[PDB]
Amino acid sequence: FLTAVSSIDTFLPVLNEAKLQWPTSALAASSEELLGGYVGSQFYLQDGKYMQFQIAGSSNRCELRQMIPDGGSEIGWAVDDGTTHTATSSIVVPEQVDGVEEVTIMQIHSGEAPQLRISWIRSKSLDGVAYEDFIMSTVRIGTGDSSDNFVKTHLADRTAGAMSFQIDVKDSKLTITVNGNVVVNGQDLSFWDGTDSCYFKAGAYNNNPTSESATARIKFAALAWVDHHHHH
């Protein structure tokens, strides 16, 4: 039988602050249900150690969405509220099966748009450089479709071993740290000033596959939203 993520202590803090959306943004499991042992092939404990997400289908997801802690409702915060908002993770990205082309593994999202997606990418050129099998950040600085609305950055080549990420937002600026090294340093998020509906996400969100049957798979060794105010 499949082992539940809540059967160990590692992920209990974030599970107390998230709902699971699967296979779309529809509710699969509340925070209470996650803490109570919700499990399926889409969301189970691998190797006694990893919170593993799996999903097939274009634009489908198996993803945690940040909630107010202790049974609360959906959270919404602003890039310019003066608080530092932080998400941390340690992720093992396996080799992806044929047909999977991009898997979003962490986000900042709002009611209307993704401010930030960190994604694995099979193949893409950025600023005239071709990259394969790598982790990318995609930041929106507008809501349009033209390339001027996005800042897309190579973060790191995918590693077999765990890779650490940290996302920080403070005073309308974004920092992304990968394996302890700052890769994105103070990216401007001020376009989003006053949007009070932002939240963190993490898991597997499958983008532009070439086969809707192909199953994306992502293993988390750690995941947390870090509260700089220590509300207790």
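The first residue of the sequence shown is number 1, and the count goes up from there.
Stretches 131 to 139 and 144 to 152 differ in mean CA B factor, with 144 to 152 having the higher one.
As listed in the deposited structure, the average C-alpha B-factor of 48 to 56 and of 24 to 32 is greater for 24 to 32. The residue among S197, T177, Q42, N206 whose C-alpha atom has the highest B-factor in the PDB entry is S197.
Which of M163, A202, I68, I167 has the largest Cα B-factor in the deposited entry comes down to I68.
In the deposited entry, the Cα temperature factor of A214 places it in the middle third of its chain's modelled residues. Annotation for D157: CA B-factor lies in the lowest third of the chain's modelled residues. Placement of the Cα temperature factor of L15 within the chain: middle third of the modelled residues, per the deposited record. Among the modelled residues of the chain, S73 sits in the highest third by CA temperature factor in this PDB entry. Residue-level temperature factors show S119 in the lowest third of its chain, judged at the C-alpha atom.
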